[PDB]
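Just the one chain here, the form deposited without 6-oxidanyl-1,3-benzoxathiol-2-one, laid out as structure tokens.
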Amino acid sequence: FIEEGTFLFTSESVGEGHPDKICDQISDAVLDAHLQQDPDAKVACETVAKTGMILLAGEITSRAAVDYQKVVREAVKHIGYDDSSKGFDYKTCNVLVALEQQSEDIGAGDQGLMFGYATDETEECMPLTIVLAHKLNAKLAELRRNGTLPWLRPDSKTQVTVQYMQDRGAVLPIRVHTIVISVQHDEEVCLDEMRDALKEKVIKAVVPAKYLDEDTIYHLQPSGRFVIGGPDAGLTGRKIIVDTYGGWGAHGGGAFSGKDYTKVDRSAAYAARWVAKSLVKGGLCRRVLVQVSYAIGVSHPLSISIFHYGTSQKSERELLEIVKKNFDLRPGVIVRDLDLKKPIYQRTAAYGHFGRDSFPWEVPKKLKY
């Protein structure tokens, strides 16, 4: 009756050097550049990355004077692409700019639906699957940049499958079932050396030992040689599940990067996460989903909906009343509460927008009820 009560679930993450994530980071690098000069800048910056080319497309209303060449190349440099042998060089890439730039009860800028989610299974109130997947990429980047593993290159993908049990609506991670790691590398290091390092210096430095056992399946560099990576074009907003909960909770479809606070796709999703995390940390539930919806002409949310998966003694109707007395989810109010005019967005564009307590929406609000 053991394997009848357990289930597997998988989440993935990608490194800074993955073509899609390159675009997210560049898009938010542009957003930050504008906000540093003009806190009220309106930005919708889409980035396309392909073989020796970065294209910026979208609309900007800003007083800022932004050197897009410098912004893009410094972003690519920071990511780690500085030579043709790595498949991409910030010094020589073609940068094409196609941005049309112009100089509290406000209606939503669009329509749409957004979700926030939280779970007590980790201290950061995030699913273990997506937390581990992210941290594997962060470790890779760390070991690349300090020279511990100098053969590493920026592009990578990780995938973590966790064995779960459910406990009265709450989910409880038992063990890591399967781990996948594929990462770009130079032409010198051999497969064996890489696979040993990925297990001992990456996986074992990231995953708590209690989740690993002798049955855990490792797929390390499963395709083999991975010398040329980075920019099949990458596009901004093509990793939105990686950006959020790794498949847990729910998603309304809106991408985050390249968008300023007036885009409810971003601000309302941050706020919804804020609500969800505040509820769980507040001890009101162990696990919770929050949906918000807007109309392009209306300031107040069209609907606010709450699912606590049965992990609360309070009803969802009751939780909604608590949320309404503690939160104002109008776009113009979210900005003030979460201080969203700060140039803080490039840091969100890799390793997930949620689960890191340096972000305002990751600091639980003390609830009054």
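Residues that one form lacks are left out of the comparison. Here the rigid core means the biggest group of C-alpha atoms that line up within 1.5 Å when the two forms are laid on top of each other. In this text, residue numbers run from 1 along the sequence as written.
The protein also exists as the form deposited with 6-oxidanyl-1,3-benzoxathiol-2-one bound; that form is not presented, and the subsequent description refers to it.
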Query raised in the report: in the entry with it bound, which of the listed residues (240, 93, 138, 71) lies with a heavy atom within 4.5 Å of 6-oxidanyl-1,3-benzoxathiol-2-one?
Result: 138
Requested in this report: Specify the contacting stretch among 71 to 79, 208 to 216, 85 to 93, 126 to 134, defined as having any heavy atom within 4.5 Å of 6-oxidanyl-1,3-benzoxathiol-2-one in the entry with it bound.
Outcome: 126 to 134
Query raised in the report: Heavy atom to heavy atom, is residue 356 within 4.5 Å of 6-oxidanyl-1,3-benzoxathiol-2-one in the entry with it bound?
Result: yes
Report task. Could you confirm whether residue 361 comes within 4.5 Å of 6-oxidanyl-1,3-benzoxathiol-2-one in the entry with it bound, counting heavy atoms only? Result -> no
Query - Partner contact for residue 351 in the entry with it bound: 6-oxidanyl-1,3-benzoxathiol-2-one, 4.5 angstroms, heavy atom - result: yes
Report summary line: Across 140 to 161, the residues having a non-hydrogen atom within 4.5 Å of 6-oxidanyl-1,3-benzoxathiol-2-one in the entry with it bound turn out to be none
**Report entry** Sequence-ordered runs, three or more residues, C-alpha shift 2 Å or more between this form and the one not shown, rigid core
**Finding:** 101 to 103
